[PDB]
$ cat my_file-v4.cif   # mmCIF, C-alpha atoms
data_my_file
#
loop_
_atom_site.label_atom_id
_atom_site.label_comp_id
_atom_site.auth_asym_id
_atom_site.auth_seq_id
_atom_site.Cartn_x
_atom_site.Cartn_y
_atom_site.Cartn_z
CA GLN A 1254 -67.11 -154.90 -43.84
CA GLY A 1255 -65.77 -155.61 -40.37
CA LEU A 1256 -68.47 -155.80 -37.72
CA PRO A 1257 -71.21 -155.49 -40.39
CA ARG A 1258 -69.84 -158.49 -42.32
CA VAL A 1259 -69.77 -160.41 -39.06
CA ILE A 1260 -73.47 -159.49 -38.65
CA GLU A 1261 -74.32 -160.63 -42.20
CA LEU A 1262 -72.64 -163.88 -41.31
CA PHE A 1263 -74.44 -164.42 -37.98
CA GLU A 1264 -77.74 -163.05 -39.30
CA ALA A 1265 -77.47 -165.32 -42.35
CA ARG A 1266 -78.54 -162.27 -44.36
CA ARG A 1267 -78.21 -162.23 -48.15
CA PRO A 1268 -74.59 -161.18 -48.84
CA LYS A 1269 -73.91 -157.56 -49.88
CA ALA A 1270 -72.74 -158.23 -53.44
CA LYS A 1271 -74.12 -161.71 -54.20
CA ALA A 1272 -71.98 -163.93 -56.45
CA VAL A 1273 -74.52 -166.55 -57.70
CA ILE A 1274 -74.14 -170.24 -56.67
CA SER A 1275 -73.22 -173.54 -58.37
CA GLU A 1276 -75.75 -176.36 -58.32
CA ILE A 1277 -74.36 -179.76 -59.33
CA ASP A 1278 -70.87 -181.11 -60.09
CA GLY A 1279 -69.03 -182.34 -63.19
CA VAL A 1280 -66.53 -180.82 -65.62
CA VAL A 1281 -66.44 -177.03 -65.44
CA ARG A 1282 -67.68 -175.91 -68.83
CA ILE A 1283 -68.98 -172.38 -69.45
CA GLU A 1284 -69.84 -170.46 -72.61
CA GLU A 1285 -68.21 -167.19 -73.73
CA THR A 1286 -70.10 -164.08 -74.79
CA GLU A 1287 -73.82 -163.08 -74.75
CA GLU A 1288 -75.61 -161.13 -71.99
CA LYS A 1289 -76.64 -164.46 -70.45
CA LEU A 1290 -73.63 -166.74 -70.01
CA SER A 1291 -74.67 -170.02 -71.63
CA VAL A 1292 -72.85 -172.24 -69.13
CA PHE A 1293 -72.88 -175.99 -69.88
CA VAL A 1294 -71.23 -178.23 -67.28
CA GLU A 1295 -72.21 -181.94 -67.90
CA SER A 1296 -72.66 -184.68 -65.28
CA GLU A 1297 -75.33 -187.40 -65.43
CA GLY A 1298 -78.35 -186.25 -67.43
CA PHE A 1299 -78.13 -182.67 -66.17
CA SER A 1300 -76.21 -179.69 -67.55
CA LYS A 1301 -75.79 -176.01 -66.63
CA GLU A 1302 -77.21 -172.56 -67.48
CA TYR A 1303 -76.93 -169.32 -65.51
CA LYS A 1304 -77.86 -165.64 -65.67
CA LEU A 1305 -76.50 -162.49 -63.99
CA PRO A 1306 -75.69 -158.76 -64.59
CA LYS A 1307 -72.76 -157.62 -66.74
CA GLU A 1308 -69.85 -157.06 -64.34
CA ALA A 1309 -68.74 -160.52 -63.17
CA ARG A 1310 -65.53 -162.57 -62.98
CA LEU A 1311 -65.35 -166.36 -63.11
CA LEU A 1312 -61.78 -167.50 -62.35
CA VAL A 1313 -62.45 -170.89 -63.93
CA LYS A 1314 -62.49 -171.75 -67.66
CA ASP A 1315 -63.77 -175.04 -69.16
CA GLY A 1316 -62.17 -178.31 -68.01
CA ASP A 1317 -61.64 -178.88 -64.26
CA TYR A 1318 -64.03 -179.60 -61.34
CA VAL A 1319 -67.11 -177.40 -60.79
CA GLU A 1320 -68.67 -179.10 -57.73
CA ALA A 1321 -71.29 -177.32 -55.61
CA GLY A 1322 -70.88 -173.84 -54.15
CA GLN A 1323 -67.69 -173.03 -56.02
CA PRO A 1324 -66.33 -169.66 -57.17
CA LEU A 1325 -68.83 -168.40 -59.76
CA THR A 1326 -69.09 -164.59 -59.77
CA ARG A 1327 -66.30 -164.59 -57.13
CA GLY A 1328 -67.24 -162.70 -53.97
CA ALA A 1329 -69.59 -163.17 -51.05
CA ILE A 1330 -71.21 -166.60 -51.19
CA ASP A 1331 -74.88 -166.83 -50.19
CA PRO A 1332 -74.98 -169.26 -47.24
CA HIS A 1333 -78.69 -169.84 -47.89
CA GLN A 1334 -78.25 -171.07 -51.47
CA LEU A 1335 -75.09 -172.89 -50.37
CA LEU A 1336 -77.18 -174.83 -47.84
CA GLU A 1337 -79.18 -176.44 -50.62
CA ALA A 1338 -76.11 -176.53 -52.86
CA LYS A 1339 -73.58 -178.38 -50.69
CA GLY A 1340 -75.45 -179.35 -47.53
CA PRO A 1341 -75.56 -178.56 -43.78
CA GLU A 1342 -72.03 -179.81 -43.12
CA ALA A 1343 -70.39 -177.37 -45.55
CA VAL A 1344 -72.04 -174.16 -44.33
CA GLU A 1345 -70.89 -174.63 -40.76
CA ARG A 1346 -67.33 -174.88 -42.10
CA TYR A 1347 -67.82 -171.83 -44.32
CA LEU A 1348 -69.34 -169.33 -41.90
CA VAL A 1349 -66.94 -170.00 -39.00
CA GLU A 1350 -64.05 -169.66 -41.45
CA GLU A 1351 -64.97 -166.26 -42.95
CA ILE A 1352 -66.21 -164.83 -39.66
CA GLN A 1353 -62.91 -165.86 -38.12
CA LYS A 1354 -61.12 -164.29 -41.10
CA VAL A 1355 -62.70 -160.93 -40.24
CA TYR A 1356 -61.44 -161.06 -36.63
CA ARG A 1357 -58.06 -162.34 -37.81
CA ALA A 1358 -57.74 -159.24 -39.95
CA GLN A 1359 -57.74 -156.84 -36.98
CA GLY A 1360 -55.29 -158.85 -34.90
CA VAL A 1361 -57.67 -159.94 -32.16
CA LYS A 1362 -57.78 -163.73 -32.00
CA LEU A 1363 -60.30 -166.02 -30.31
CA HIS A 1364 -60.80 -169.79 -30.41
CA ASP A 1365 -63.05 -171.27 -33.11
CA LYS A 1366 -65.17 -173.15 -30.54
CA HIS A 1367 -67.09 -170.03 -29.54
CA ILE A 1368 -68.15 -169.13 -33.07
CA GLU A 1369 -68.87 -172.81 -33.68
CA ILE A 1370 -71.49 -172.82 -30.90
CA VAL A 1371 -73.38 -169.86 -32.35
CA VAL A 1372 -73.23 -171.20 -35.92
CA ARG A 1373 -74.43 -174.60 -34.68
CA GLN A 1374 -77.32 -172.73 -33.03
CA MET A 1375 -78.16 -171.18 -36.39
CA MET A 1376 -78.54 -174.72 -37.73
CA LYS A 1377 -81.00 -176.26 -35.27
CA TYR A 1378 -84.32 -175.85 -37.10
CA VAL A 1379 -85.37 -177.89 -40.14
CA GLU A 1380 -88.44 -177.42 -42.40
CA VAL A 1381 -90.70 -180.45 -42.99
CA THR A 1382 -90.77 -182.00 -46.47
CA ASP A 1383 -92.89 -185.09 -45.75
CA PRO A 1384 -95.68 -185.01 -43.13
CA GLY A 1385 -96.43 -188.04 -40.94
CA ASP A 1386 -97.83 -186.58 -37.73
CA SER A 1387 -97.25 -182.83 -38.07
CA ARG A 1388 -97.80 -180.48 -41.03
CA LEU A 1389 -95.32 -179.85 -43.84
CA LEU A 1390 -93.52 -176.49 -44.30
CA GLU A 1391 -93.33 -176.34 -40.49
CA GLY A 1392 -90.25 -174.94 -38.76
CA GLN A 1393 -88.87 -177.50 -36.34
CA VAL A 1394 -85.72 -178.42 -34.41
CA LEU A 1395 -83.53 -181.24 -35.77
CA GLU A 1396 -83.17 -182.98 -32.41
CA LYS A 1397 -86.97 -182.99 -32.06
CA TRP A 1398 -87.00 -184.92 -35.32
CA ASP A 1399 -84.49 -187.35 -33.83
CA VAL A 1400 -87.08 -188.84 -31.47
CA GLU A 1401 -89.48 -189.06 -34.40
CA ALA A 1402 -87.54 -191.63 -36.43
CA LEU A 1403 -85.83 -193.20 -33.41
CA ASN A 1404 -88.98 -193.92 -31.40
CA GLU A 1405 -91.26 -194.70 -34.37
CA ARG A 1406 -88.72 -197.26 -35.57
CA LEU A 1407 -87.04 -199.00 -32.62
CA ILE A 1408 -90.14 -198.86 -30.39
CA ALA A 1409 -93.06 -198.56 -32.85
CA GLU A 1410 -93.98 -200.13 -36.18
CA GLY A 1411 -94.98 -196.77 -37.67
CA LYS A 1412 -92.82 -196.84 -40.79
CA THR A 1413 -93.56 -193.26 -41.81
CA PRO A 1414 -90.27 -191.33 -41.41
CA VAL A 1415 -90.96 -187.62 -41.84
CA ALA A 1416 -88.49 -186.15 -44.32
CA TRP A 1417 -86.97 -182.93 -43.06
CA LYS A 1418 -85.10 -180.21 -44.93
CA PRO A 1419 -81.96 -178.48 -43.56
CA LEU A 1420 -82.77 -174.92 -42.58
CA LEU A 1421 -80.27 -172.13 -42.06
#
$ encode --input "my_file-v4.cif" --output "structure tokens"
Amino acid sequence: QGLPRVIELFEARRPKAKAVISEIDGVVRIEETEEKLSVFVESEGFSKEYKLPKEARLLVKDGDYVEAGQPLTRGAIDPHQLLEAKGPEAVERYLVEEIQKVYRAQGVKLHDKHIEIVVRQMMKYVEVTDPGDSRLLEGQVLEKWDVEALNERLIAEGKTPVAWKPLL
């Protein structure tokens, strides 16, 4: 839970005790009983519905803001699911924070910059979602996709921007 937790953070491994993940936003609205919690948020055209084992705490009744990647089963948040839940920007702010929390706990204190470099390095590759020159589902660096759009647009007429997907 000290060094190992740090590892789970840097290795982006599936958290020890997972705590599910919220998808979309709207008014927090969740059901009550039944083995499968019949959650029902709202928003535009969507809704909610989840499923997990028995032992679970929520911390949030019906009414307020649910958002994406909020406290659900309250515990260790999956950074992977959170990537598709809240985006690239959020994860970088999450990981650094909890990693730093671990080190804070045992008194030894280092600057956030250092951790921020490693976590930025964990966020360099992005998986293709729309092929134009290369194949889809291909693991590729974000900055290598910079020159794609940039050059094909400002220099070329090739209006086929390859859509990439954030990959943690």
$ closest_residue --input "my_file-v4.cif" --among "A:1347, A:1356, A:1299, A:1318" --to "residue 1257 (chain A)" --atoms "only C-alpha atoms"
A:1356
$ closest_atom_pairs --input "my_file-v4.cif" --of "region 1280-1372 of chain A" --to "region 1400-1421 of chain A" --cutoff "10 Å" --atoms "only C-alpha atoms" --output "JSON lines"
{"residue": "A:1332", "atom": "CA", "partner": "A:1421", "partner_atom": "CA", "distance": 7.9}
{"residue": "A:1333", "atom": "CA", "partner": "A:1421", "partner_atom": "CA", "distance": 6.5}
{"residue": "A:1334", "atom": "CA", "partner": "A:1421", "partner_atom": "CA", "distance": 9.7}
{"residue": "A:1335", "atom": "CA", "partner": "A:1421", "partner_atom": "CA", "distance": 9.8}
{"residue": "A:1336", "atom": "CA", "partner": "A:1421", "partner_atom": "CA", "distance": 7.1}
{"residue": "A:1337", "atom": "CA", "partner": "A:1419", "partner_atom": "CA", "distance": 7.9}
{"residue": "A:1340", "atom": "CA", "partner": "A:1419", "partner_atom": "CA", "distance": 7.7}
{"residue": "A:1341", "atom": "CA", "partner": "A:1419", "partner_atom": "CA", "distance": 6.4}
{"residue": "A:1344", "atom": "CA", "partner": "A:1421", "partner_atom": "CA", "distance": 8.8}
{"residue": "A:1345", "atom": "CA", "partner": "A:1421", "partner_atom": "CA", "distance": 9.8}
{"residue": "A:1372", "atom": "CA", "partner": "A:1421", "partner_atom": "CA", "distance": 9.4}
$ closest_residue --input "my_file-v4.cif" --among "A:1261, A:1284, A:1396, A:1369" --to "residue 1313 (chain A)" --atoms "only C-alpha atoms"
A:1284
$ closest_residue --input "my_file-v4.cif" --among "A:1290, A:1280, A:1361, A:1355" --to "residue 1321 (chain A)" --atoms "only C-alpha atoms"
A:1280
$ resolve_selection --input "my_file-v4.cif" --expression "the PyMOL selection byres ((chain A and resi 1324) around 12)" --output "JSON, numbers by chain"
{"A": [1271, 1272, 1273, 1274, 1275, 1276, 1281, 1309, 1310, 1311, 1312, 1313, 1314, 1318, 1319, 1320, 1321, 1322, 1323, 1325, 1326, 1327, 1328, 1329, 1330, 1331, 1335]}
$ resolve_selection --input "my_file-v4.cif" --expression "the PyMOL selection byres ((chain A and resi 1303) around 8)" --output "compact mmCIF listing (two decimals) with C-alpha atoms, in the coordinates of the input"
# COMPACT_ATOMS: atom_id res chain seq x y z
CA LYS A 1289 -76.64 -164.46 -70.45
CA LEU A 1290 -73.63 -166.74 -70.01
CA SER A 1291 -74.67 -170.02 -71.63
CA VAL A 1292 -72.85 -172.24 -69.13
CA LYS A 1301 -75.79 -176.01 -66.63
CA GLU A 1302 -77.21 -172.56 -67.48
CA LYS A 1304 -77.86 -165.64 -65.67
CA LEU A 1305 -76.50 -162.49 -63.99
$ decode --input "my_file-v4.cif" --residues "region 1269-1393 of chain A" --atoms "C-alpha atoms" --output "CSV table (one decimal), in the first residue's frame"
chain,number,residue,atom,x,y,z
A,1269,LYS,CA,-6.4,-3.6,-6.0
A,1270,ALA,CA,-10.0,-3.2,-4.9
A,1271,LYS,CA,-11.7,-1.6,-8.0
A,1272,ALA,CA,-14.5,0.8,-7.3
A,1273,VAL,CA,-16.4,0.9,-10.6
A,1274,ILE,CA,-16.5,4.2,-12.7
A,1275,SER,CA,-19.0,6.8,-13.7
A,1276,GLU,CA,-19.7,7.4,-17.4
A,1277,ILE,CA,-21.7,10.6,-18.1
A,1278,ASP,CA,-22.9,13.6,-16.0
A,1279,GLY,CA,-26.2,14.9,-14.8
A,1280,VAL,CA,-28.2,14.7,-11.6
A,1281,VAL,CA,-27.0,12.0,-9.3
A,1282,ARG,CA,-29.9,9.5,-9.1
A,1283,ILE,CA,-29.4,5.9,-7.9
A,1284,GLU,CA,-31.9,3.2,-7.0
A,1285,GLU,CA,-32.1,1.5,-3.6
A,1286,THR,CA,-32.2,-2.3,-3.1
A,1287,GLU,CA,-31.8,-5.3,-5.4
A,1288,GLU,CA,-28.5,-7.2,-6.1
A,1289,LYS,CA,-28.0,-5.0,-9.1
A,1290,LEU,CA,-28.3,-1.3,-8.2
A,1291,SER,CA,-30.7,0.2,-10.7
A,1292,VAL,CA,-29.0,3.5,-10.9
A,1293,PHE,CA,-30.8,6.2,-13.1
A,1294,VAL,CA,-29.0,9.5,-13.5
A,1295,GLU,CA,-30.6,11.5,-16.4
A,1296,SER,CA,-28.8,13.9,-18.8
A,1297,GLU,CA,-29.7,14.3,-22.5
A,1298,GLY,CA,-31.2,11.1,-23.9
A,1299,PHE,CA,-29.0,8.9,-21.8
A,1300,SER,CA,-29.5,7.5,-18.3
A,1301,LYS,CA,-27.6,5.2,-15.9
A,1302,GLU,CA,-27.4,1.5,-14.8
A,1303,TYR,CA,-24.6,-0.3,-13.0
A,1304,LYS,CA,-23.7,-3.7,-11.5
A,1305,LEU,CA,-21.2,-4.8,-8.8
A,1306,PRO,CA,-20.8,-7.3,-5.9
A,1307,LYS,CA,-22.6,-6.9,-2.5
A,1308,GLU,CA,-20.2,-4.9,-0.3
A,1309,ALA,CA,-20.1,-1.4,-1.6
A,1310,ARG,CA,-20.6,2.2,-0.4
A,1311,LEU,CA,-21.8,5.1,-2.5
A,1312,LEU,CA,-21.4,8.4,-0.4
A,1313,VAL,CA,-23.9,10.1,-2.7
A,1314,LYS,CA,-27.7,9.9,-2.7
A,1315,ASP,CA,-30.0,11.2,-5.4
A,1316,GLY,CA,-29.9,14.9,-6.3
A,1317,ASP,CA,-26.5,16.6,-6.8
A,1318,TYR,CA,-23.8,16.3,-9.6
A,1319,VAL,CA,-22.6,12.9,-10.8
A,1320,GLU,CA,-20.1,14.0,-13.5
A,1321,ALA,CA,-17.5,11.5,-14.8
A,1322,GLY,CA,-15.1,9.5,-12.6
A,1323,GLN,CA,-16.8,10.4,-9.4
A,1324,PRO,CA,-17.0,8.4,-6.1
A,1325,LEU,CA,-19.0,5.3,-6.9
A,1326,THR,CA,-18.0,2.3,-4.9
A,1327,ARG,CA,-15.5,4.6,-3.1
A,1328,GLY,CA,-11.9,3.4,-3.2
A,1329,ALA,CA,-9.2,3.0,-5.8
A,1330,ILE,CA,-10.2,4.6,-9.1
A,1331,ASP,CA,-9.3,2.7,-12.2
A,1332,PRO,CA,-7.1,5.2,-14.2
A,1333,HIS,CA,-7.8,3.2,-17.4
A,1334,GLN,CA,-11.6,3.5,-17.2
A,1335,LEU,CA,-11.1,7.1,-16.0
A,1336,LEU,CA,-9.2,7.9,-19.2
A,1337,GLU,CA,-12.3,7.2,-21.3
A,1338,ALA,CA,-14.5,8.6,-18.6
A,1339,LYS,CA,-13.0,12.1,-18.0
A,1340,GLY,CA,-10.2,12.4,-20.5
A,1341,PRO,CA,-6.4,12.7,-20.7
A,1342,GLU,CA,-6.2,15.9,-18.8
A,1343,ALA,CA,-7.9,14.5,-15.7
A,1344,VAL,CA,-5.8,11.4,-15.3
A,1345,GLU,CA,-2.5,13.3,-15.2
A,1346,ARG,CA,-4.0,15.3,-12.3
A,1347,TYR,CA,-5.2,12.2,-10.5
A,1348,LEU,CA,-2.1,10.0,-10.6
A,1349,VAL,CA,0.4,12.6,-9.6
A,1350,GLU,CA,-1.9,13.6,-6.7
A,1351,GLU,CA,-2.4,10.1,-5.2
A,1352,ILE,CA,1.2,9.0,-5.8
A,1353,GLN,CA,2.3,12.2,-4.1
A,1354,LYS,CA,-0.2,11.4,-1.3
A,1355,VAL,CA,1.6,8.1,-0.7
A,1356,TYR,CA,5.0,9.8,-0.3
A,1357,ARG,CA,3.5,12.6,1.8
A,1358,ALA,CA,2.3,9.9,4.2
A,1359,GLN,CA,5.8,8.8,5.2
A,1360,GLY,CA,7.2,12.4,5.6
A,1361,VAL,CA,9.5,12.4,2.7
A,1362,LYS,CA,8.6,15.2,0.3
A,1363,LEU,CA,9.7,15.8,-3.3
A,1364,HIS,CA,8.5,18.3,-5.9
A,1365,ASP,CA,5.6,17.4,-8.2
A,1366,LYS,CA,7.6,18.1,-11.4
A,1367,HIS,CA,9.4,14.8,-11.2
A,1368,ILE,CA,6.3,12.6,-10.9
A,1369,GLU,CA,4.7,14.8,-13.6
A,1370,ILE,CA,7.5,13.9,-16.1
A,1371,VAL,CA,7.0,10.2,-15.6
A,1372,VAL,CA,3.2,10.4,-15.7
A,1373,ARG,CA,3.4,12.5,-18.9
A,1374,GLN,CA,5.6,9.7,-20.3
A,1375,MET,CA,2.8,7.2,-19.5
A,1376,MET,CA,0.6,9.4,-21.7
A,1377,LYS,CA,2.6,9.6,-25.0
A,1378,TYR,CA,1.0,6.8,-27.1
A,1379,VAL,CA,-2.5,7.0,-28.6
A,1380,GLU,CA,-4.4,4.2,-30.4
A,1381,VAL,CA,-5.8,5.0,-33.9
A,1382,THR,CA,-9.6,5.3,-34.4
A,1383,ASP,CA,-9.7,6.5,-38.0
A,1384,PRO,CA,-7.1,5.3,-40.6
A,1385,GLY,CA,-5.8,7.7,-43.3
A,1386,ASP,CA,-2.3,6.5,-44.0
A,1387,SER,CA,-1.6,3.9,-41.3
A,1388,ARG,CA,-3.7,1.1,-39.9
A,1389,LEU,CA,-6.3,1.5,-37.1
A,1390,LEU,CA,-5.9,0.0,-33.6
A,1391,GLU,CA,-2.2,0.9,-34.0
A,1392,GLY,CA,-0.2,2.1,-31.0
A,1393,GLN,CA,1.4,5.5,-31.8
